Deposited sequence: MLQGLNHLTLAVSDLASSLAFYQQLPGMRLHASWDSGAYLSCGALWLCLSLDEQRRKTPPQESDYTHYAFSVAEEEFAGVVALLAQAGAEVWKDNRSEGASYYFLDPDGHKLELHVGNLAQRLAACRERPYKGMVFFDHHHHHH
């Protein structure tokens, strides 16, 4: 039986460039690096960077909505966003902040879990929404 996400692996074109970008994020931690990848963690998240020359840096309008979001407390959301604004991180769309990584992977800062989102969705459902017990 599946117990959860084991690891998230992102294909990167320049490992040193990607390592600088993720090391600036508070909570991100570098455990090891080698010639074609690196191992990082962020809380329980095991993040793996994999060097891939068949990885393009893609502008956000030319990729789909697949994105990866990281948890930030409400009291610290404003701080982290200011840190990425000062760093010059490019935003790709409009309690969330959407920013890309050096290769164009769509990332997000988000406050709230799945339980708070379903509760909000109960009080105001989307079109055709069904809840399952």
Point to revise | Deposited-sequence ranges lacking C-alpha coordinates, in sequence order | key: 95 to 99, 139 to 144
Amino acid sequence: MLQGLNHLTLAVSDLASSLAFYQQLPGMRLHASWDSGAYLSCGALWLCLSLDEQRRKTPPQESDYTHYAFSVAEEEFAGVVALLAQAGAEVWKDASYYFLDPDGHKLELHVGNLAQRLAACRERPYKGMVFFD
From here on, numbers count along this sequence of modelled residues.
Point to revise | Given 42 to 50 and 95 to 103, the range whose Cα B-factors average higher in the PDB entry | key: 95 to 103
Point to revise | Mean C-alpha B-factor comparison - 21 to 29 and 121 to 129, higher one | key: 121 to 129
**Study point:** Ranked C-alpha temperature factor of residue 2 among modelled chain residues, by third
**Key:** middle
Review point. If you rank the chain by CA B-factor, which third does residue 69 end up in: lowest, middle or highest?
Key: lowest
**Study point:** Modelled-residue ranking by C-alpha temperature factor, third containing residue 13
**Key:** middle
Point to revise | B-factor third for the C-alpha atom of residue 85 within its chain | key: middle
